[PDB]
Every structure is written in structure tokens, then in C-alpha cells.
């Protein structure tokens, strides 16, 4: 039995095969880029709040708060990665360090728990609904989004120990994800009514961005099993891939999403 690498697939690899210098350093630098971009975004959203009418500024405020939480928690995740493995001169690879704290997904999942409700909420300060009620949409978003992250978090505890449960819990989580997609699509359709064609075009881009960037997360969750129980991805390569797809998803769903909403708000105050 491999006691030290039971908690997650990153630990499992690091306690059996170990990581190449390339995989270790690559992952270290990708995660560093992750939190560095959130700090830049924090400054962008603060400095541009004066460019939008007061009625839309709650969206820029919620983007700045998402940036603070993501900078701090991705910074923690980055330090956790680099401090958890150490180099063995004999084998020439990085292995899980029993004296360290071991790699822990808690930082990222906590970041999601906080940010998902705010990302979904903030669009309701830019578009107008038509036949739907603000409170009803808000409550559906907050409930479904919380459940999606919780059931997902439960799933990842069984990643190494019980793949069957890993997949069943991820399927449950996917149910909530599809309900979010259904609600967001109705919101975008109602928000397109009555606004200018320029604004409708930006909203269409927001919808495509939202759909792709959020679908990246379940992809990264499954990444090391996407080539079978002993394929190319069941390895340090599935780890590099998973961590890269999370970082791309985070920049897109938090920073780029917020920039587009700010551009929509500016467009709206032109008619």
C-alpha cells in the first residue's frame, strides 16, 4: 500500500514514479503565472471603475473581489506545489516530501466555492431580465453552484482510492453544472432583448466564453483517465495537463469574463 500518495493523483505520482525536472518546474511556473495574472487583474478592475456609469459598477466591484480571493488562494496553491516535492540526486526526480504538508487541492476548491456565486451573480448587474425574476435567477445560481462545487469536492477525495466513486460524484456535480448552463442561457437571451446590436454581439461572445471556459473544469478533473487506466495521461503528463487547463480556465472565467462584462457596460451607456 502507498500510504503517502493516497489523497490525490498528484501525490500518488510523486510518491511512486516522482516528477521530472521538466514537469515539476513547468507546473511550478504555470501556477505562478496563475496568481500573477489575478494581481494584474485586480489593478485593472480598480482603475477602470471610473469608466462605467454608477448603475453598472457593482460588476467591477465583484470582479475586484474575485481577483483578491483568486490572487491569495492561487498564491497558496502555488507555494503548496513547490514545497511539497523535493529532488533526489540518486534517482534525479522530484518526489513527495514526507516532511512537507503534501499536495492539497483544498486551496483551489475553496477558491471556487467563493468565486462561483459571485461570477454568476455579477452579470445580473449589467443585463436586464425580462420575464424572469432577479431573485429567482440569483437563488438558482447560488444553490446549484454551491452544490456543484461541494459534490465535486467529495468526488476528488476518492480519486486514487475509489475511481468508481470519483466518477459517480463527478457525474452528480455535472448535473448541477448543466442546470447552471440552462439558467445562464435563459439570462443571456432575456438580456439581449431591446439592447443595441453592438451589445447583443458582446453578449453572444460572453455566452461562448462562459460555455467553453466552464466546461474546461470537468475536463481537467478527468484528465489523467482520458486515455484509460494506463495510458499516456495516467502519468506526470496528465498532471501537467490538468494544472495547465485549470490555470487557463481560471484566467478565462474570472479575468476575461470580467473584461467583457465591463466592455458591455460601456457599450450599454452609448444609446
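Rigid core here is just the name for the largest C-alpha set that superposes within 1.5 Å across the two forms. Numbering follows the first chain given and starts at 1.
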property	result
Greatest C-alpha divergence in 6 other deposited structures of this protein once each structure is fitted on the rigid core, 102 to 110 or 151 to 159	102 to 110
Stretch with the greater mean C-alpha B-factor as recorded in the entry, comparing 235 to 243 against 54 to 62	235 to 243
Mean Cα B-factor comparison, 139 to 147 or 196 to 204, giving the higher one as deposited	139 to 147
Maximum C-alpha temperature factor, selected from 189, 111, 161, 104	161
Top residue by Cα temperature factor, when 80, 122, 131, 86 are compared in the entry	86
Assigned third (lowest, middle, highest) for the C-alpha B factor of residue 152	lowest
Ranked C-alpha temperature factor of residue 12 among modelled chain residues, by third	highest
Within-chain third of residue 213 by Cα B-factor, per the entry	lowest
Where the record places residue 268 (Cα B-factor, split into thirds across the chain)	highest
Where the record places residue 116 (Cα B-factor, split into thirds across the chain)	lowest
